[PDB]
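J.: Before I ask anything, let me first share the structure, which is written out below as structure tokens.
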Amino acid sequence: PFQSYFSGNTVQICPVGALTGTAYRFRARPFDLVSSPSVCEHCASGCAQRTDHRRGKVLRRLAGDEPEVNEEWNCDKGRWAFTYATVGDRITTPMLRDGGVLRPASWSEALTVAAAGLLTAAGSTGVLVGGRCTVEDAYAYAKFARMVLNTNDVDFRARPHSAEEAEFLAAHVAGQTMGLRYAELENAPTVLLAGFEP
Amino acid sequence: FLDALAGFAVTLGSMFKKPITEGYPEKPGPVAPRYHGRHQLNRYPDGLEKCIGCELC
Ligand code: SF4
Ligand code: SF4
Ligand code: SF4
């Protein structure tokens, strides 16, 4: 097989209907697509993309055009890994633990129970934020943990990690943006990859 | 002078001419052959649907 992580680009680069995505096949024509600019959720590359959806279902995600980030390219993950939210496992309503079973609950009841439990847990609470949250979402998690739960036990690292990693991120990463850019990678005479598989 | 009464001669006359109303619904009137009635999806003589789902319509 073709077998490359960038195969979808060949679909987007073909000036005719020769190469086509089997996922998008016969599912829509341009006029009925709702198309919106987007950013890929998966990697830290932050590719600009164009999400196309019909009748409320995302059909494809084209590479967009961000010369400073990804130019006109994606990996297959960003192009096609958008069906996760519609595989049937999505939680559609707030849930509560009643009788040991997870039962659908109203927003009011769920919020009330969660607030009661958190207050009963006062300072003895941890906040695992995960790496999927947006900058705003992660900020909300941190602000909730420190202002509401009055705890510093906040960590987005849902993966192998170390305290040395936290110290390094604070020292050299946090609060320092645009120190290196894609445009600089293309021009760097030497690039040393440590613990990184690009 | 009778010209001002011409309208009377009209209506009375029409009172003796056959009404021109179409007999719908019992006897529906003839629509134009080209009339834009309900859309219809057609088949080939062997029964296959003609619609290829091109969405051009
Ligand atoms: S068949 Fe498809 S690729 Fe060929 S001209 Fe028509 S739209 Fe373009
Ligand atoms: S498109 Fe591929 S490389 Fe770009 S952010 Fe998504 S997963 Fe990462
Ligand atoms: S325009 Fe295309 S999709 Fe619409 S009825 Fe005709 S063949 Fe079918």
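Chain identifiers are assigned as A, B, and so on, following the order in which chains appear in the structure tokens; residues are numbered from 1 within each chain, and ligands are numbered from 1 in order of appearance.
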For chain B, work out the contacting residues on chain A at 9 Å, counting only C-alpha atoms, and write them as a list in words.
T.: residues 26, 28 and 29 of chain A
J.: Mind dumping the selected residues with N, CA, C and O atoms as a PDB file, in the first residue's frame?
T.:
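Output contents, as saved in result-v6.pdb:
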ATOM      1  N   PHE A  26     -18.465  10.378  -2.166  1.00  0.00           N
ATOM      2  CA  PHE A  26     -19.877  10.563  -2.485  1.00  0.00           C
ATOM      3  C   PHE A  26     -20.686  11.124  -1.323  1.00  0.00           C
ATOM      4  O   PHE A  26     -21.917  11.073  -1.351  1.00  0.00           O
ATOM      5  N   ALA A  28     -20.745  14.362  -0.246  1.00  0.00           N
ATOM      6  CA  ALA A  28     -21.172  15.749  -0.369  1.00  0.00           C
ATOM      7  C   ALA A  28     -20.530  16.376  -1.600  1.00  0.00           C
ATOM      8  O   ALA A  28     -19.523  15.889  -2.119  1.00  0.00           O
ATOM      9  N   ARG A  29     -21.134  17.467  -2.056  1.00  0.00           N
ATOM     10  CA  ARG A  29     -20.552  18.381  -3.023  1.00  0.00           C
ATOM     11  C   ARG A  29     -20.295  19.712  -2.339  1.00  0.00           C
ATOM     12  O   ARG A  29     -20.919  20.026  -1.319  1.00  0.00           O
TER      13      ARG A  29
END
J.: For ligand 1, list the contacting residues at 12 Å or closer, counting only C-alpha atoms and all ligand atoms, as an MDAnalysis selection string.
T.: (chainID A and resid 11 14:20 26 29:30) or (chainID B and resid 54)
J.: May I have the residues from that selection written out with C-alpha atoms, as an mmCIF file, in the first residue's frame?
T.:
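For reference, part08.cif as written:
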data_model
loop_
_atom_site.group_PDB
_atom_site.id
_atom_site.type_symbol
_atom_site.label_atom_id
_atom_site.label_comp_id
_atom_site.auth_asym_id
_atom_site.auth_seq_id
_atom_site.Cartn_x
_atom_site.Cartn_y
_atom_site.Cartn_z
ATOM 1 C CA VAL A 11 -5.786 13.683 -2.167
ATOM 2 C CA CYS A 14 -4.588 16.233 -6.971
ATOM 3 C CA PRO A 15 -6.027 18.801 -9.426
ATOM 4 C CA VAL A 16 -8.666 16.255 -10.515
ATOM 5 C CA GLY A 17 -10.782 13.491 -9.051
ATOM 6 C CA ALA A 18 -8.056 10.922 -9.654
ATOM 7 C CA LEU A 19 -6.956 10.624 -6.032
ATOM 8 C CA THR A 20 -9.918 10.763 -3.671
ATOM 9 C CA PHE A 26 -19.877 10.563 -2.485
ATOM 10 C CA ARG A 29 -20.552 18.381 -3.023
ATOM 11 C CA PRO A 30 -18.985 21.744 -2.158
ATOM 12 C CA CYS B 54 -24.730 13.928 -8.528
#
J.: Which residues are near range 50-62 of chain A? Cut-off 9 Å, only C-alpha atoms, ignore same chain within fewer than 6 positions. Put them as a list in words.
T.: residues 8, 9, 12, 21, 23, 24, 27, 28, 30, 32, 33, 34, 35, 36, 37, 38, 39, 40, 72, 73, 74, 78, 79, 80, 82, 83 and 86 of chain A
J.: I need the strand (DSSP E or B) residues of chain A per DSSP on the backbone, written as a ChimeraX atom specification.
T.: /A:34-39,48-54,57-62,66,71,95-98,101-104,127-128,154-155
J.: Now that the selection is made, can you save its residues with N, CA and C atoms as a short mmCIF file (atom, residue, chain, number, x, y, z; two decimals), in the first residue's frame?
T.:
data_model
loop_
_atom_site.label_atom_id
_atom_site.label_comp_id
_atom_site.auth_asym_id
_atom_site.auth_seq_id
_atom_site.Cartn_x
_atom_site.Cartn_y
_atom_site.Cartn_z
N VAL A 34 -20.60 23.05 4.93
CA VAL A 34 -20.25 24.17 5.80
C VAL A 34 -18.78 24.05 6.14
N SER A 35 -18.01 25.06 5.76
CA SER A 35 -16.56 25.01 5.86
C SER A 35 -16.10 26.08 6.84
N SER A 36 -15.25 25.70 7.78
CA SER A 36 -14.76 26.63 8.79
C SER A 36 -13.27 26.46 9.01
N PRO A 37 -12.53 27.55 9.22
CA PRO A 37 -11.13 27.40 9.63
C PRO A 37 -11.05 26.71 10.98
N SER A 38 -9.96 25.97 11.18
CA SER A 38 -9.82 25.16 12.38
C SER A 38 -8.34 24.94 12.66
N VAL A 39 -8.08 24.37 13.83
CA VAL A 39 -6.74 23.95 14.23
C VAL A 39 -6.82 22.50 14.65
N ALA A 48 -3.01 24.81 10.67
CA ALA A 48 -4.23 25.41 10.17
C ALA A 48 -4.94 24.40 9.28
N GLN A 49 -6.26 24.31 9.42
CA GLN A 49 -7.04 23.35 8.67
C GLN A 49 -8.37 23.98 8.28
N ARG A 50 -9.09 23.29 7.42
CA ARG A 50 -10.43 23.68 7.00
C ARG A 50 -11.35 22.49 7.24
N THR A 51 -12.20 22.60 8.26
CA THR A 51 -13.13 21.53 8.59
C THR A 51 -14.40 21.71 7.76
N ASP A 52 -14.78 20.67 7.03
CA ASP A 52 -15.98 20.68 6.21
C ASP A 52 -16.97 19.69 6.80
N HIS A 53 -18.18 20.16 7.11
CA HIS A 53 -19.20 19.30 7.67
C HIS A 53 -20.52 19.52 6.94
N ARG A 54 -21.30 18.45 6.86
CA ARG A 54 -22.61 18.47 6.23
C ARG A 54 -23.62 17.90 7.20
N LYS A 57 -22.27 16.79 10.53
CA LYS A 57 -21.26 15.74 10.63
C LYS A 57 -20.04 16.13 9.81
N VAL A 58 -18.87 16.12 10.45
CA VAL A 58 -17.64 16.49 9.77
C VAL A 58 -17.30 15.42 8.75
N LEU A 59 -17.11 15.84 7.50
CA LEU A 59 -16.79 14.92 6.42
C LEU A 59 -15.31 14.87 6.09
N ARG A 60 -14.61 15.99 6.22
CA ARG A 60 -13.18 16.02 5.92
C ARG A 60 -12.57 17.25 6.56
N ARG A 61 -11.24 17.25 6.60
CA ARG A 61 -10.48 18.37 7.15
C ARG A 61 -9.28 18.59 6.24
N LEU A 62 -9.36 19.62 5.41
CA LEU A 62 -8.29 19.94 4.49
C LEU A 62 -7.19 20.73 5.20
N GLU A 66 -1.30 27.88 6.04
CA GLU A 66 -0.58 28.62 7.08
C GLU A 66 0.90 28.52 6.77
N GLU A 71 2.17 25.36 6.07
CA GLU A 71 2.04 25.64 4.65
C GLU A 71 0.72 25.08 4.15
N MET A 95 -23.95 13.04 34.12
CA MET A 95 -24.22 11.74 34.73
C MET A 95 -23.89 11.80 36.21
N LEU A 96 -24.60 11.00 36.99
CA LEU A 96 -24.41 10.91 38.43
C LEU A 96 -24.31 9.46 38.84
N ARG A 97 -23.53 9.20 39.89
CA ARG A 97 -23.40 7.85 40.42
C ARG A 97 -24.53 7.59 41.41
N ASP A 98 -25.54 6.85 40.96
CA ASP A 98 -26.68 6.52 41.80
C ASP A 98 -26.79 5.00 41.88
N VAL A 101 -24.54 2.80 39.82
CA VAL A 101 -24.66 2.85 38.37
C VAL A 101 -24.61 4.30 37.93
N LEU A 102 -24.10 4.52 36.72
CA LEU A 102 -23.96 5.86 36.17
C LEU A 102 -25.25 6.21 35.44
N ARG A 103 -26.04 7.11 36.02
CA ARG A 103 -27.37 7.46 35.54
C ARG A 103 -27.38 8.85 34.92
N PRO A 104 -28.13 9.07 33.84
CA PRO A 104 -28.26 10.44 33.32
C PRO A 104 -28.85 11.37 34.37
N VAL A 127 -6.44 17.93 40.61
CA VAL A 127 -7.03 18.32 39.34
C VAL A 127 -6.12 17.80 38.23
N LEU A 128 -6.55 16.75 37.55
CA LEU A 128 -5.83 16.22 36.39
C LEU A 128 -6.45 16.81 35.14
N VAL A 154 -2.35 20.66 40.48
CA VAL A 154 -2.85 20.76 39.11
C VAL A 154 -1.77 20.23 38.19
N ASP A 155 -2.14 19.34 37.28
CA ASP A 155 -1.16 18.77 36.36
C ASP A 155 -1.86 18.31 35.09
#
J.: So, counting only C-alpha atoms, which residue among A:81, A:90, A:45, A:31 is closest to residue 57 in chain B?
T.: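 Result for the nearest residue to residue 57 in chain B: A:31.
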J.: Using only C-alpha atoms and all ligand atoms, which residue out of A:70, A:109, A:13, A:122 lies closest to ligand 2?
T.: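 Of the candidates, the smallest distance to ligand 2 is held by A:70.
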J.: Could you please write out, as number ranges by chain, every residue of range 6-53 of chain B that DSSP assigns to alpha helix (DSSP H)?
T.: B: 6-16
J.: Restricting it to C-alpha atoms, dump the selection as an mmCIF file, in the first residue's frame.
T.:
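Saved file again_3.cif follows:
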data_model
loop_
_atom_site.group_PDB
_atom_site.id
_atom_site.type_symbol
_atom_site.label_atom_id
_atom_site.label_comp_id
_atom_site.auth_asym_id
_atom_site.auth_seq_id
_atom_site.Cartn_x
_atom_site.Cartn_y
_atom_site.Cartn_z
ATOM 1 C CA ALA B 6 -73.494 49.045 -21.978
ATOM 2 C CA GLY B 7 -72.374 47.176 -18.871
ATOM 3 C CA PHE B 8 -75.885 45.869 -18.295
ATOM 4 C CA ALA B 9 -76.005 44.416 -21.800
ATOM 5 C CA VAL B 10 -72.736 42.678 -20.951
ATOM 6 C CA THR B 11 -73.826 40.955 -17.755
ATOM 7 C CA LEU B 12 -77.286 39.990 -18.977
ATOM 8 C CA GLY B 13 -75.670 38.545 -22.082
ATOM 9 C CA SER B 14 -73.227 36.493 -20.047
ATOM 10 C CA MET B 15 -76.153 35.271 -17.957
ATOM 11 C CA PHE B 16 -77.298 33.315 -21.017
#
J.: Please list as an MDAnalysis selection string every residue within 9 Å of residue 41 in chain A, counting only C-alpha atoms and excluding residues in the same chain fewer than 6 positions away.
T.: chainID A and resid 47 78 132 134
J.: Which of these, A:4, A:46, A:25, A:136, has the shortest distance to ligand 2 once you count only C-alpha atoms and all ligand atoms?
T.: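 Ranked by minimum distance to ligand 2, first place goes to A:46.
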J.: Near residue 77 in chain A, within 9 Å and counting only C-alpha atoms, which residues show up once chain neighbours fewer than 6 positions away are dropped, as a list in words?
T.: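 The residues that qualify are residues 5, 6, 40, 42 and 43 of chain A.
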J.: Suppose you want the space between CA of residue 51 in chain B and CA of residue 31 in chain B; what is it in Å?
T.: 26.7 Å
